[PDB]
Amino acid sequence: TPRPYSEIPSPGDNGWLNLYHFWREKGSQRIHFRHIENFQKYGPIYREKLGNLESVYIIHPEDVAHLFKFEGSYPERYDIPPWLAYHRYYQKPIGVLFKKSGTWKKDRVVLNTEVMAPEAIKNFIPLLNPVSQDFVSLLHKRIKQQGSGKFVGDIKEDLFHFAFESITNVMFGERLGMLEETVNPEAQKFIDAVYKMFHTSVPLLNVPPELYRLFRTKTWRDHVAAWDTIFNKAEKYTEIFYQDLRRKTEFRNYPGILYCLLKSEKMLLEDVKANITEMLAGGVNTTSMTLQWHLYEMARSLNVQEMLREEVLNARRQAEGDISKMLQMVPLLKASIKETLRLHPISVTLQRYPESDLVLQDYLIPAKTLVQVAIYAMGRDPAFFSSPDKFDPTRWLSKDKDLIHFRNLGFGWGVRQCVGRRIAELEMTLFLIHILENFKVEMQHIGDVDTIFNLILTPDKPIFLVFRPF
């Protein structure tokens, strides 16, 4: 017989007490640092009730592996209480992100065909490639601007525009010029909405939703706003683009996600609005943060920067073909992006509600218990990755002296991984080929940035990169 649940280490059955402590330690935004200290204290597995919210935490691959066995046919991750609250309170139509059960599966079948299938992928090359050339050119238009043949600065906001264009061009097939001299201000409103939503969710996560108006009056006003912006704006684009092909449509030429989901005819109207809103939202900061960190890391290690340049300039003068042909000749690059998600995951953890009881390590895990995967922490532990500080793309391809191998979880796993997984991977892969055949990025000084918890994980201080041609 396994050890009983209530026997899993934990810091105490008293949820409220733990919250006092959490709140006194200033843990609200260090929730990934605590993982690392908690596992160091309790060992491979532990519990921690905060108020009424209890969950188990794992870190060893073999466990994650096992836990996934019982995730189900229609899985279920943790549901952000503030996000969920806004929609129910306002009664806004939800999509894949909140959808539950066969209702959920229905949309995701459609959605895979249109954003994950390896022909809706090939149909993206042309939509994405050009947006990444336009970003090489914005950098070009800055090097010849500072005047001394280089560029110094924090390009984060350009990473946002880049990204928002990329997700808009693939869902709508029209360009927005967020990489122009003067960008759209209505589109900067939506972009800063998506990041305002995130940022204002943190203080709302460990407090009863229906108590927001008293213990969190301000943070709730702001988070409610940020969603409003997200909705109206995504709703606008969806109208003025429905009508962009509603009349003038006597030919062929893309995947227009908005179009395809109107032509496949496998989804009701109500949901396309909602799902598009959610996709649009997903492109804005995720790729941005990740791309930033990749560049950051390339500057931390030149020898690796050069190996990537060598393989990119090798699938150019040894493919002669366009971009399509060289996307299969760049393994180190793609692995580079996983080595990034390793060191800098967007998701601090992955969570699954087990369909049926199971046993982790040696403890009973009752079905329907929140179990969580310490992605951030697994990334930093030397018990899983030799010298976990080192940026080592070769981690994700050795396959010869490995007796064991684990797959990268930055995107999650199983049938309810990131539906935008594929779009993001290709979008970043192209941006880097272009950045790699054009600039030798560095950093002005010793780089020492650490991460901070803001729903998604972001770097804590601005990052200043240096681009120089070749």
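Residue numbers here begin at 1 and follow the sequence given.
The deposited model assigns a higher average Cα B-factor to 228 to 236 than to the other stretch when 374 to 382 and 228 to 236 are compared. Per the PDB record, of the two stretches 404 to 412 and 441 to 449, 441 to 449 carries the greater mean B-factor over its C-alpha atoms.
Based on the entry's C-alpha B-factors, the most elevated value among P82, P126, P345, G283 belongs to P126. The entry lists C-alpha B-factors for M289, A299, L261, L341, and the highest of these is at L261. Remark: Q328 belongs to the highest third of its chain, ranked by C-alpha B-factor as recorded. In this PDB entry, the Cα temperature factor of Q243 sits in the top third of its chain's modelled residues, the highest group.
In the deposited entry, the Cα temperature factor of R395 places it in the middle third of its chain's modelled residues. For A274, the recorded CA B-factor ranks within the middle third of the chain. Only modelled residues enter the ranking.
Among the modelled residues of its chain, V131 has a C-alpha B-factor that falls in the middle third according to the deposited record.
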